[PDB]
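A short worksheet on the structure shown next.
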Amino acid sequence: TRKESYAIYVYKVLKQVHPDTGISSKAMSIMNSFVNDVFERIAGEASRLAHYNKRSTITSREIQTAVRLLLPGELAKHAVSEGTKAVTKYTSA
Amino acid sequence: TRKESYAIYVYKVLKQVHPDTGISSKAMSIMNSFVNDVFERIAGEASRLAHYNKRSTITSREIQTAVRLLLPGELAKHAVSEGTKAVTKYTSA
Amino acid sequence: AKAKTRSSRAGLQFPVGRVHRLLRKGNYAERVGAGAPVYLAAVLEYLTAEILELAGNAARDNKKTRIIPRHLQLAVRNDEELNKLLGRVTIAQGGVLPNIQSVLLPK
Amino acid sequence: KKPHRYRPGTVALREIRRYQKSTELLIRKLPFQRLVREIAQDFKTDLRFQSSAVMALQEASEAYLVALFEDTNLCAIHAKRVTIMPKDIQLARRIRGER
Amino acid sequence: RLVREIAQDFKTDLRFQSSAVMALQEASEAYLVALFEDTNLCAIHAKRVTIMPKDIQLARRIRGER
Amino acid sequence: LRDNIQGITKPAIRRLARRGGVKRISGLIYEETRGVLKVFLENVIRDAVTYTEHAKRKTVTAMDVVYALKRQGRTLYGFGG
Amino acid sequence: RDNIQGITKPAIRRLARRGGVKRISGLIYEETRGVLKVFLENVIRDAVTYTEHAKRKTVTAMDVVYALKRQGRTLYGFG
DNA sequence: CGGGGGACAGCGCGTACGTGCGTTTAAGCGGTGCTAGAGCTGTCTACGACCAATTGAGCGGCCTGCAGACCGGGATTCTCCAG
DNA sequence: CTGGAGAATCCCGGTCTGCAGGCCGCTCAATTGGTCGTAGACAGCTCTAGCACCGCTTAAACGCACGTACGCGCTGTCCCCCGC
């Protein structure tokens, strides 16, 4: 069958930051594994937080709090910025 | 309101093994916290097992596998025996 | 017929019904097998029995009739397997194992 | 007519035996509360507190410190010494992974 | 061969994906490198340049593995 | 609330070391312990406050502290669980 | 059967060199063999546990990854 | 604040290391060959979700006698030393 | 070696008290019983990869000679941490 990954989106991001830099397949696998790892970490943290407050729905607020809890300092601030701006743009859109 | 715990079951087991032994509230709450912790560990491991195998159900088999993964040696063996015995007894009756 | 508790049906002290309810509410999976909660309750009861027995032994060794957190810490730390299990656990009012290095002994 | 003072170190062993037996806290509660409130002040102002949080932090801190001291003692003994140097603490925390 | 020999006390006649063995080798080597470096720090702290097994033992003890 | 870290008196640090099984103590140690403890306290309190605010509360509960410690891999029993 | 002796001293030497070690005692090699053995059983036990619960006879690298993950040693590069 | 005893610096040594060369070996590679078991599919059946009615187990509130804590004062023990 | 001396600790009555544990009313979560849809149990199929084997080839380990520097033991100094 077919197996999904994040290869295409990562490739696009790479072309955004380094429009001329190639990549090996192994680095691609590592990147995908890292993305998945972050995903499960943040998702489990958000779910735990939601259960903590006795709530049925995971909002973007929960993700924001979880990101603050999992990321150190400046990474947390910048990621919070990105999430906020993207959410505002999508909602306005 | 009302809060639930494991207090009565802890007290019953205490009377079973050491019928003449008292217990302080603090130690009792420690016992409760320990029970909850083990519950979470075993449940999370079982859930991960189910997801890894593309299953919709958590069986006694997954509980046994998780117990094996989370417990060291003789504790694991005796717990497996106890769980199996209780399962057969419940199923027969 | 009259209701007969599943805990009695398996002959255990721990509430299998409460266990099943928590399992369903814990979002661990969509559906919960029938025999899993019994297995879990049995395992919890067994481990509780183990630790309680050790703690009672310690408390009697200290010659007191009630188990206190100090007895709990002593029992857990003295057992190798229990200490391994709770390798990352802090017990309030637990104290420490009275261990002293040899080289600091007066000679 | 002598003061009858004990040799250097026996008092230390006696007090070690005393404190490896007791379980109660070793730090004054009020200074610890002042410190923790001061530390929290920089993340959010006018923060109130349940005491149970106060002493929970106290237990966690004291246990962590005792563990660190025990590791430091082993590190110093590895240096064939009897007194701990702050370098021993640094090596210990580095090995634990906290550095 | 060592991995297969170890993988006998748990079950018999077990087959292996090659990638599993590769991952085992990678993880083991990384762990051993980290342990070597920690041992080196310990031995230096003992004013020495040669590693001796007590250094490894102290390292693992502090790491909590012991 | 200023200069409370010096509220951690030297005799307290001796008592802590003695419970840790330490016999001889340097004088250059106590400030080092103070710094390490301050780092540890900041690390836990940050997440505890995060939990307190995400619940939109104004007081910090111990239960939050338990969560913060669990997140840092240092589990504590006996405080509500 | 002494595959524990398959780890030759030169390999251990190279490993320490990548670890940044200059001088090595002769007693080290056996200690390394023991520690590595301990680590190997600790991982392989859980790997086989996963392989069995999957009702399989071949261990997959994904099982190994799970075992490492649950032991606090996350590995990338294999899915 | 006095002082002892621990930290530390310096020196001698002898040996267990490191370095380099000749030798043997087994790892690695390419190839061939075999099949067990992984992986995928169709089926249907048993099993778990769900809901209505029932009820008694467990949780809340109350009360108490005693485990244990806290005295005090002799008994006993441990250490330090002068002999 | 070895008693005294002093300090420290243990221990055993005697006293007080908070809470551990038991009792009680109630109520809501567990139980019971029945319905129904569907997850996976199971049988069956395919063909991949894992296992086995063999013959070269040559890098790598091995054994060994050898020599030196370092880990270690010892010594003296002084300062700084402990007992008070």
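Going through the structure tokens in order, the chains are called A, B, and so on, while each chain numbers its residues from 1 and the ligands are numbered from 1 in the order shown.
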Give me, as a PyMOL selection string, the residues of chain D touching chain C, with the criterion being at most 12 Å (counting only C-alpha atoms). chain D and resi 7-26+52+55-64+66-67+70+73-74+76-78+80-83
At most 10 Å to chain D: residues in chain H, only C-alpha atoms (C1' of nucleotides), as number ranges by chain: H: 4-7, 79-81
Save out the residues we just selected, C-alpha atoms (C1' of nucleotides), as a compact mmCIF listing (two decimals), in the first residue's frame.
# COMPACT_ATOMS: atom_id res chain seq x y z
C1' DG H 4 44.58 19.21 64.95
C1' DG H 5 44.32 16.82 61.05
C1' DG H 6 43.31 16.90 56.41
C1' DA H 7 44.72 18.87 51.83
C1' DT H 79 34.85 8.10 73.95
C1' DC H 80 39.22 10.28 75.61
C1' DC H 81 43.08 10.10 78.28
Tell me which protein, DNA and RNA residues are within 12 Å of residue 50 in chain A, counting only C-alpha atoms (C1' of nucleotides), leaving out same-chain ones fewer than 3 positions away, and put them as number ranges by chain. A: 43-47, 53-63, 65-66; C: 26-27; F: 51, 54-55
Using only C-alpha atoms, select each residue of chain G with any atom at most 7 Å away from an atom of chain E, and give the selection as a count of residues only. 24
Counting only C-alpha atoms (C1' of nucleotides), which residues of chain H come no farther than 8 Å from chain C, as an mmCIF file with N, CA, C and O atoms (P, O5', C5', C4', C3', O3' and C1' of nucleotides), in the first residue's frame?
data_model
loop_
_atom_site.group_PDB
_atom_site.id
_atom_site.type_symbol
_atom_site.label_atom_id
_atom_site.label_comp_id
_atom_site.auth_asym_id
_atom_site.auth_seq_id
_atom_site.Cartn_x
_atom_site.Cartn_y
_atom_site.Cartn_z
ATOM 1 P P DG H 48 -15.697 -8.227 25.354
ATOM 2 O "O5'" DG H 48 -15.607 -6.639 25.311
ATOM 3 C "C5'" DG H 48 -15.203 -5.999 24.122
ATOM 4 C "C4'" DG H 48 -16.214 -4.952 23.718
ATOM 5 C "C3'" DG H 48 -16.743 -4.098 24.869
ATOM 6 O "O3'" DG H 48 -16.776 -2.742 24.483
ATOM 7 C "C1'" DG H 48 -18.531 -5.028 23.673
ATOM 8 P P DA H 49 -16.993 -1.592 25.582
ATOM 9 O "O5'" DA H 49 -18.052 -0.621 24.897
ATOM 10 C "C5'" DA H 49 -17.847 -0.184 23.565
ATOM 11 C "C4'" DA H 49 -19.110 0.440 22.994
ATOM 12 C "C3'" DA H 49 -19.820 1.426 23.906
ATOM 13 O "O3'" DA H 49 -20.482 2.395 23.118
ATOM 14 C "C1'" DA H 49 -21.214 -0.438 23.543
ATOM 15 P P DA H 67 -3.283 1.030 72.118
ATOM 16 O "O5'" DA H 67 -2.278 1.466 70.962
ATOM 17 C "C5'" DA H 67 -2.783 1.782 69.685
ATOM 18 C "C4'" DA H 67 -1.873 2.759 68.971
ATOM 19 C "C3'" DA H 67 -0.389 2.502 69.144
ATOM 20 O "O3'" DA H 67 0.280 2.764 67.926
ATOM 21 C "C1'" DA H 67 -1.038 4.545 70.244
#
Quick one: everything within 9 Å of range 21-28 of chain A, counting only C-alpha atoms (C1' of nucleotides), minus sequence neighbours fewer than 3 positions away in the same chain. Send it as a ChimeraX atom specification. /A:6-7,10-11,14-15,18,31-33 /G:77-78
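Interface residues of chain F facing chain H, defined by any atom at most 12 Å away and using only C-alpha atoms (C1' of nucleotides), are residues 24, 25 and 26 of chain F.
Near residue 53 in chain C, within 10 Å and counting only C-alpha atoms (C1' of nucleotides), sit residues 13, 14, 16, 17 and 18 of chain B; 47, 48, 58, 59 and 75 of chain C; same-chain residues fewer than 5 positions away were not included.
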Can you list, as a PyMOL selection string, every protein, DNA or RNA residue that comes within 12 Å of residue 42 in chain I when you count only C-alpha atoms (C1' of nucleotides), leaving out same-chain residues fewer than 4 positions away? chain H and resi 41-45
Please report, as a PDB file with N, CA and C atoms, in the first residue's frame, each residue of chain D to which DSSP assigns helix (DSSP H, G or I) when run on this structure's backbone.
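The resulting file, out.pdb, is shown below:
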ATOM      1  N   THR D  10      34.251  12.937  65.209  1.00  0.00           N
ATOM      2  CA  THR D  10      33.319  12.057  65.900  1.00  0.00           C
ATOM      3  C   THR D  10      31.952  12.701  66.072  1.00  0.00           C
ATOM      4  N   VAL D  11      31.921  14.003  66.350  1.00  0.00           N
ATOM      5  CA  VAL D  11      30.649  14.702  66.416  1.00  0.00           C
ATOM      6  C   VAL D  11      29.939  14.622  65.077  1.00  0.00           C
ATOM      7  N   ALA D  12      30.691  14.726  63.981  1.00  0.00           N
ATOM      8  CA  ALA D  12      30.089  14.608  62.661  1.00  0.00           C
ATOM      9  C   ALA D  12      29.453  13.242  62.471  1.00  0.00           C
ATOM     10  N   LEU D  13      30.136  12.184  62.895  1.00  0.00           N
ATOM     11  CA  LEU D  13      29.556  10.857  62.756  1.00  0.00           C
ATOM     12  C   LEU D  13      28.303  10.719  63.607  1.00  0.00           C
ATOM     13  N   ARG D  14      28.343  11.245  64.829  1.00  0.00           N
ATOM     14  CA  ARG D  14      27.178  11.158  65.697  1.00  0.00           C
ATOM     15  C   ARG D  14      25.984  11.876  65.085  1.00  0.00           C
ATOM     16  N   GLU D  15      26.201  13.077  64.559  1.00  0.00           N
ATOM     17  CA  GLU D  15      25.100  13.806  63.950  1.00  0.00           C
ATOM     18  C   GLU D  15      24.633  13.171  62.648  1.00  0.00           C
ATOM     19  N   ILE D  16      25.533  12.535  61.894  1.00  0.00           N
ATOM     20  CA  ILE D  16      25.109  11.792  60.713  1.00  0.00           C
ATOM     21  C   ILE D  16      24.160  10.678  61.115  1.00  0.00           C
ATOM     22  N   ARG D  17      24.521   9.936  62.159  1.00  0.00           N
ATOM     23  CA  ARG D  17      23.629   8.896  62.651  1.00  0.00           C
ATOM     24  C   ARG D  17      22.304   9.488  63.095  1.00  0.00           C
ATOM     25  N   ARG D  18      22.349  10.650  63.740  1.00  0.00           N
ATOM     26  CA  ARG D  18      21.119  11.302  64.164  1.00  0.00           C
ATOM     27  C   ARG D  18      20.223  11.618  62.978  1.00  0.00           C
ATOM     28  N   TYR D  19      20.795  12.171  61.915  1.00  0.00           N
ATOM     29  CA  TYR D  19      19.998  12.676  60.811  1.00  0.00           C
ATOM     30  C   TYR D  19      19.708  11.633  59.747  1.00  0.00           C
ATOM     31  N   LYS D  29      10.963  26.977  58.041  1.00  0.00           N
ATOM     32  CA  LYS D  29       9.862  27.085  57.095  1.00  0.00           C
ATOM     33  C   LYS D  29       9.733  28.501  56.551  1.00  0.00           C
ATOM     34  N   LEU D  30       9.804  29.495  57.429  1.00  0.00           N
ATOM     35  CA  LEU D  30       9.557  30.871  57.009  1.00  0.00           C
ATOM     36  C   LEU D  30      10.555  31.367  55.973  1.00  0.00           C
ATOM     37  N   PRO D  31      11.870  31.205  56.149  1.00  0.00           N
ATOM     38  CA  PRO D  31      12.786  31.643  55.087  1.00  0.00           C
ATOM     39  C   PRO D  31      12.536  30.936  53.775  1.00  0.00           C
ATOM     40  N   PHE D  32      12.201  29.650  53.828  1.00  0.00           N
ATOM     41  CA  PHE D  32      11.911  28.922  52.603  1.00  0.00           C
ATOM     42  C   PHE D  32      10.692  29.501  51.905  1.00  0.00           C
ATOM     43  N   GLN D  33       9.652  29.817  52.675  1.00  0.00           N
ATOM     44  CA  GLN D  33       8.465  30.436  52.101  1.00  0.00           C
ATOM     45  C   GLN D  33       8.798  31.781  51.480  1.00  0.00           C
ATOM     46  N   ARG D  34       9.593  32.586  52.182  1.00  0.00           N
ATOM     47  CA  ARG D  34       9.982  33.880  51.642  1.00  0.00           C
ATOM     48  C   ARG D  34      10.712  33.707  50.324  1.00  0.00           C
ATOM     49  N   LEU D  35      11.650  32.766  50.280  1.00  0.00           N
ATOM     50  CA  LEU D  35      12.422  32.544  49.068  1.00  0.00           C
ATOM     51  C   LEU D  35      11.533  32.106  47.917  1.00  0.00           C
ATOM     52  N   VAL D  36      10.617  31.173  48.167  1.00  0.00           N
ATOM     53  CA  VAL D  36       9.826  30.642  47.063  1.00  0.00           C
ATOM     54  C   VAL D  36       8.871  31.705  46.543  1.00  0.00           C
ATOM     55  N   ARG D  37       8.271  32.482  47.447  1.00  0.00           N
ATOM     56  CA  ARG D  37       7.418  33.571  46.990  1.00  0.00           C
ATOM     57  C   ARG D  37       8.221  34.582  46.184  1.00  0.00           C
ATOM     58  N   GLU D  38       9.436  34.889  46.640  1.00  0.00           N
ATOM     59  CA  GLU D  38      10.289  35.807  45.898  1.00  0.00           C
ATOM     60  C   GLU D  38      10.581  35.278  44.505  1.00  0.00           C
ATOM     61  N   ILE D  39      10.895  33.990  44.402  1.00  0.00           N
ATOM     62  CA  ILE D  39      11.209  33.410  43.104  1.00  0.00           C
ATOM     63  C   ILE D  39       9.995  33.465  42.194  1.00  0.00           C
ATOM     64  N   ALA D  40       8.826  33.110  42.724  1.00  0.00           N
ATOM     65  CA  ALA D  40       7.616  33.117  41.917  1.00  0.00           C
ATOM     66  C   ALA D  40       7.217  34.520  41.496  1.00  0.00           C
ATOM     67  N   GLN D  41       7.644  35.536  42.245  1.00  0.00           N
ATOM     68  CA  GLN D  41       7.243  36.902  41.936  1.00  0.00           C
ATOM     69  C   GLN D  41       7.589  37.298  40.508  1.00  0.00           C
ATOM     70  N   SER D  51      -0.608  26.383  51.269  1.00  0.00           N
ATOM     71  CA  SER D  51       0.536  25.875  52.004  1.00  0.00           C
ATOM     72  C   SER D  51       0.969  24.517  51.493  1.00  0.00           C
ATOM     73  N   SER D  52       0.036  23.621  51.256  1.00  0.00           N
ATOM     74  CA  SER D  52       0.415  22.267  50.876  1.00  0.00           C
ATOM     75  C   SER D  52       1.373  22.298  49.702  1.00  0.00           C
ATOM     76  N   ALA D  53       1.222  23.261  48.807  1.00  0.00           N
ATOM     77  CA  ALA D  53       2.253  23.475  47.798  1.00  0.00           C
ATOM     78  C   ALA D  53       3.564  23.894  48.439  1.00  0.00           C
ATOM     79  N   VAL D  54       3.506  24.776  49.435  1.00  0.00           N
ATOM     80  CA  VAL D  54       4.737  25.226  50.065  1.00  0.00           C
ATOM     81  C   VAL D  54       5.506  24.037  50.615  1.00  0.00           C
ATOM     82  N   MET D  55       4.861  23.194  51.415  1.00  0.00           N
ATOM     83  CA  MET D  55       5.690  22.139  51.974  1.00  0.00           C
ATOM     84  C   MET D  55       5.972  21.054  50.952  1.00  0.00           C
ATOM     85  N   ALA D  56       5.144  20.923  49.913  1.00  0.00           N
ATOM     86  CA  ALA D  56       5.490  19.965  48.873  1.00  0.00           C
ATOM     87  C   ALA D  56       6.781  20.366  48.176  1.00  0.00           C
ATOM     88  N   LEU D  57       6.914  21.648  47.822  1.00  0.00           N
ATOM     89  CA  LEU D  57       8.182  22.128  47.286  1.00  0.00           C
ATOM     90  C   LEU D  57       9.306  21.891  48.275  1.00  0.00           C
ATOM     91  N   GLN D  58       9.032  22.083  49.560  1.00  0.00           N
ATOM     92  CA  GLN D  58      10.097  21.892  50.532  1.00  0.00           C
ATOM     93  C   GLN D  58      10.585  20.448  50.550  1.00  0.00           C
ATOM     94  N   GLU D  59       9.665  19.480  50.562  1.00  0.00           N
ATOM     95  CA  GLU D  59      10.080  18.078  50.518  1.00  0.00           C
ATOM     96  C   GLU D  59      10.845  17.773  49.245  1.00  0.00           C
ATOM     97  N   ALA D  60      10.327  18.219  48.102  1.00  0.00           N
ATOM     98  CA  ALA D  60      11.008  17.913  46.851  1.00  0.00           C
ATOM     99  C   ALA D  60      12.420  18.472  46.862  1.00  0.00           C
ATOM    100  N   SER D  61      12.563  19.721  47.300  1.00  0.00           N
ATOM    101  CA  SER D  61      13.869  20.359  47.318  1.00  0.00           C
ATOM    102  C   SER D  61      14.818  19.636  48.254  1.00  0.00           C
ATOM    103  N   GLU D  62      14.365  19.338  49.469  1.00  0.00           N
ATOM    104  CA  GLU D  62      15.250  18.709  50.436  1.00  0.00           C
ATOM    105  C   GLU D  62      15.679  17.330  49.973  1.00  0.00           C
ATOM    106  N   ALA D  63      14.753  16.553  49.413  1.00  0.00           N
ATOM    107  CA  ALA D  63      15.121  15.238  48.912  1.00  0.00           C
ATOM    108  C   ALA D  63      16.132  15.348  47.784  1.00  0.00           C
ATOM    109  N   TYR D  64      15.904  16.275  46.855  1.00  0.00           N
ATOM    110  CA  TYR D  64      16.829  16.426  45.743  1.00  0.00           C
ATOM    111  C   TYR D  64      18.206  16.831  46.245  1.00  0.00           C
ATOM    112  N   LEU D  65      18.244  17.733  47.223  1.00  0.00           N
ATOM    113  CA  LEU D  65      19.515  18.177  47.774  1.00  0.00           C
ATOM    114  C   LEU D  65      20.238  17.047  48.482  1.00  0.00           C
ATOM    115  N   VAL D  66      19.505  16.225  49.229  1.00  0.00           N
ATOM    116  CA  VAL D  66      20.137  15.105  49.913  1.00  0.00           C
ATOM    117  C   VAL D  66      20.735  14.146  48.900  1.00  0.00           C
ATOM    118  N   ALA D  67      20.000  13.869  47.825  1.00  0.00           N
ATOM    119  CA  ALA D  67      20.537  13.000  46.785  1.00  0.00           C
ATOM    120  C   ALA D  67      21.799  13.596  46.182  1.00  0.00           C
ATOM    121  N   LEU D  68      21.782  14.899  45.922  1.00  0.00           N
ATOM    122  CA  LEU D  68      22.960  15.539  45.358  1.00  0.00           C
ATOM    123  C   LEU D  68      24.141  15.455  46.312  1.00  0.00           C
ATOM    124  N   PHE D  69      23.902  15.672  47.603  1.00  0.00           N
ATOM    125  CA  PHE D  69      24.978  15.572  48.580  1.00  0.00           C
ATOM    126  C   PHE D  69      25.552  14.170  48.617  1.00  0.00           C
ATOM    127  N   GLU D  70      24.684  13.164  48.567  1.00  0.00           N
ATOM    128  CA  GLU D  70      25.164  11.791  48.584  1.00  0.00           C
ATOM    129  C   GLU D  70      26.033  11.511  47.368  1.00  0.00           C
ATOM    130  N   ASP D  71      25.614  11.984  46.196  1.00  0.00           N
ATOM    131  CA  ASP D  71      26.447  11.808  45.010  1.00  0.00           C
ATOM    132  C   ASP D  71      27.772  12.539  45.161  1.00  0.00           C
ATOM    133  N   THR D  72      27.732  13.736  45.741  1.00  0.00           N
ATOM    134  CA  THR D  72      28.946  14.515  45.926  1.00  0.00           C
ATOM    135  C   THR D  72      29.921  13.787  46.831  1.00  0.00           C
ATOM    136  N   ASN D  73      29.404  13.147  47.875  1.00  0.00           N
ATOM    137  CA  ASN D  73      30.268  12.432  48.801  1.00  0.00           C
ATOM    138  C   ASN D  73      31.012  11.314  48.089  1.00  0.00           C
ATOM    139  N   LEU D  74      30.307  10.555  47.251  1.00  0.00           N
ATOM    140  CA  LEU D  74      30.959   9.507  46.480  1.00  0.00           C
ATOM    141  C   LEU D  74      31.991  10.090  45.535  1.00  0.00           C
ATOM    142  N   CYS D  75      31.658  11.205  44.887  1.00  0.00           N
ATOM    143  CA  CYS D  75      32.610  11.824  43.977  1.00  0.00           C
ATOM    144  C   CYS D  75      33.881  12.225  44.711  1.00  0.00           C
ATOM    145  N   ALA D  76      33.734  12.847  45.879  1.00  0.00           N
ATOM    146  CA  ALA D  76      34.896  13.281  46.643  1.00  0.00           C
ATOM    147  C   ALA D  76      35.716  12.092  47.117  1.00  0.00           C
ATOM    148  N   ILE D  77      35.047  11.029  47.564  1.00  0.00           N
ATOM    149  CA  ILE D  77      35.769   9.836  47.985  1.00  0.00           C
ATOM    150  C   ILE D  77      36.549   9.251  46.824  1.00  0.00           C
ATOM    151  N   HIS D  78      35.980   9.289  45.621  1.00  0.00           N
ATOM    152  CA  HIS D  78      36.730   8.851  44.455  1.00  0.00           C
ATOM    153  C   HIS D  78      38.011   9.650  44.298  1.00  0.00           C
ATOM    154  N   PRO D  86      33.511  22.180  45.651  1.00  0.00           N
ATOM    155  CA  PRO D  86      32.436  22.505  44.706  1.00  0.00           C
ATOM    156  C   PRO D  86      32.646  21.882  43.342  1.00  0.00           C
ATOM    157  N   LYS D  87      33.900  21.641  42.956  1.00  0.00           N
ATOM    158  CA  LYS D  87      34.153  20.913  41.721  1.00  0.00           C
ATOM    159  C   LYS D  87      33.517  19.534  41.748  1.00  0.00           C
ATOM    160  N   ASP D  88      33.469  18.894  42.918  1.00  0.00           N
ATOM    161  CA  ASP D  88      32.784  17.612  43.010  1.00  0.00           C
ATOM    162  C   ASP D  88      31.307  17.765  42.686  1.00  0.00           C
ATOM    163  N   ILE D  89      30.676  18.808  43.221  1.00  0.00           N
ATOM    164  CA  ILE D  89      29.276  19.072  42.910  1.00  0.00           C
ATOM    165  C   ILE D  89      29.099  19.283  41.419  1.00  0.00           C
ATOM    166  N   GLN D  90      29.993  20.059  40.815  1.00  0.00           N
ATOM    167  CA  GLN D  90      29.877  20.326  39.391  1.00  0.00           C
ATOM    168  C   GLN D  90      29.985  19.041  38.589  1.00  0.00           C
ATOM    169  N   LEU D  91      30.951  18.191  38.928  1.00  0.00           N
ATOM    170  CA  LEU D  91      31.077  16.920  38.228  1.00  0.00           C
ATOM    171  C   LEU D  91      29.837  16.065  38.426  1.00  0.00           C
ATOM    172  N   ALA D  92      29.289  16.062  39.639  1.00  0.00           N
ATOM    173  CA  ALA D  92      28.116  15.242  39.913  1.00  0.00           C
ATOM    174  C   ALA D  92      26.936  15.679  39.063  1.00  0.00           C
ATOM    175  N   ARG D  93      26.620  16.972  39.090  1.00  0.00           N
ATOM    176  CA  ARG D  93      25.494  17.453  38.303  1.00  0.00           C
ATOM    177  C   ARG D  93      25.745  17.273  36.818  1.00  0.00           C
ATOM    178  N   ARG D  94      27.001  17.371  36.390  1.00  0.00           N
ATOM    179  CA  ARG D  94      27.309  17.144  34.989  1.00  0.00           C
ATOM    180  C   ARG D  94      27.057  15.695  34.606  1.00  0.00           C
ATOM    181  N   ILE D  95      27.436  14.766  35.478  1.00  0.00           N
ATOM    182  CA  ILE D  95      27.245  13.354  35.181  1.00  0.00           C
ATOM    183  C   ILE D  95      25.767  13.005  35.188  1.00  0.00           C
ATOM    184  N   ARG D  96      25.017  13.561  36.141  1.00  0.00           N
ATOM    185  CA  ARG D  96      23.581  13.315  36.190  1.00  0.00           C
ATOM    186  C   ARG D  96      22.911  13.741  34.893  1.00  0.00           C
TER     187      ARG D  96
END
Enumerate as a tab-separated table (two decimals) with N, CA, C and O atoms (P, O5', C5', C4', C3', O3' and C1' of nucleotides), in the first residue's frame the residues belonging to chain I that approach chain G to within 10 Å, with only C-alpha atoms (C1' of nucleotides) taken into account.
chain	number	residue	atom	x	y	z
I	50	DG	P	14.74	-9.37	6.84
I	50	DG	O5'	15.08	-10.52	7.88
I	50	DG	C5'	14.09	-11.46	8.23
I	50	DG	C4'	14.63	-12.87	8.13
I	50	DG	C3'	16.10	-13.01	8.53
I	50	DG	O3'	16.25	-14.09	9.40
I	50	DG	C1'	15.74	-13.99	6.44
I	60	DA	P	40.93	-2.14	8.69
I	60	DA	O5'	40.77	-3.10	9.94
I	60	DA	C5'	39.93	-4.23	9.84
I	60	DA	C4'	40.21	-5.20	10.97
I	60	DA	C3'	40.91	-4.60	12.17
I	60	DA	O3'	40.52	-5.30	13.31
I	60	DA	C1'	42.26	-6.26	11.27
I	61	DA	P	40.49	-4.57	14.74
I	61	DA	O5'	40.82	-5.75	15.74
I	61	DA	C5'	40.19	-7.00	15.56
I	61	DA	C4'	41.15	-8.14	15.78
I	61	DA	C3'	41.95	-8.05	17.07
I	61	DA	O3'	41.83	-9.27	17.75
I	61	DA	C1'	43.39	-8.47	15.24
So that I can see what lies close to residue 75 in chain B, please list as number ranges by chain the residues with an atom at most 12 Å from it, counting only C-alpha atoms (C1' of nucleotides) and leaving out residues fewer than 6 positions away in the same chain. B: 67-69, 81-82; C: 43-44, 46-51, 79-85
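For the pair CA of residue 54 in chain G and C1' of residue 40 in chain I, the interatomic distance is 14.0 Å.
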Rank nothing, just name the residue among B:34, B:9, B:64, B:71 nearest to residue 83 in chain B, using only C-alpha atoms. B:64
Residue list for chain H near chain G as a PyMOL selection string, 10 Å, only C-alpha atoms (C1' of nucleotides): chain H and resi 16-18+36-38
Could the residues in this selection be written to a file with C-alpha atoms (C1' of nucleotides), as a short mmCIF file (atom, residue, chain, number, x, y, z; two decimals), in the first residue's frame?
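The result, stored in result_23.cif:
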data_model
loop_
_atom_site.label_atom_id
_atom_site.label_comp_id
_atom_site.auth_asym_id
_atom_site.auth_seq_id
_atom_site.Cartn_x
_atom_site.Cartn_y
_atom_site.Cartn_z
"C1'" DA H 16 51.94 -1.33 33.00
"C1'" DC H 17 51.06 0.84 29.94
"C1'" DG H 18 51.73 2.62 24.73
"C1'" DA H 36 8.96 -19.68 6.93
"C1'" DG H 37 6.82 -16.42 8.06
"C1'" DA H 38 5.30 -11.64 7.26
#
Kindly provide the residues of chain I that approach chain E to within 12 Å, each paired with its closest atom pair and their distance in Å to one decimal, based on only C-alpha atoms (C1' of nucleotides), listed by chain and increasing number, as a Markdown table.
| residue | atom | partner | partner_atom | distance |
| --- | --- | --- | --- | --- |
| I:48 | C1' | E:17 | CA | 11.5 |
| I:49 | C1' | E:17 | CA | 8.3 |
| I:50 | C1' | E:15 | CA | 7.0 |
| I:51 | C1' | E:15 | CA | 8.2 |
| I:69 | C1' | E:49 | CA | 11.2 |
| I:70 | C1' | E:48 | CA | 8.4 |
| I:71 | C1' | E:48 | CA | 7.9 |
| I:72 | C1' | E:48 | CA | 11.3 |
Up to 10 Å from chain A, what residues of chain F turn up? Count only C-alpha atoms and give them as a PyMOL selection string. chain F and resi 46-48+50-51+53-55+64+67-68+71
Can you build me a table of chain I residues sitting at most 12 Å from chain C, with the closest atom pair per residue and its distance in Å to one decimal, using only C-alpha atoms (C1' of nucleotides), sorted by chain and residue number, as a Markdown table?
| residue | atom | partner | partner_atom | distance |
| --- | --- | --- | --- | --- |
| I:20 | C1' | C:66 | CA | 9.6 |
| I:29 | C1' | C:18 | CA | 8.6 |
| I:30 | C1' | C:17 | CA | 6.5 |
| I:31 | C1' | C:3 | CA | 5.5 |
| I:32 | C1' | C:3 | CA | 7.2 |
| I:33 | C1' | C:1 | CA | 10.2 |
| I:39 | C1' | C:31 | CA | 10.4 |
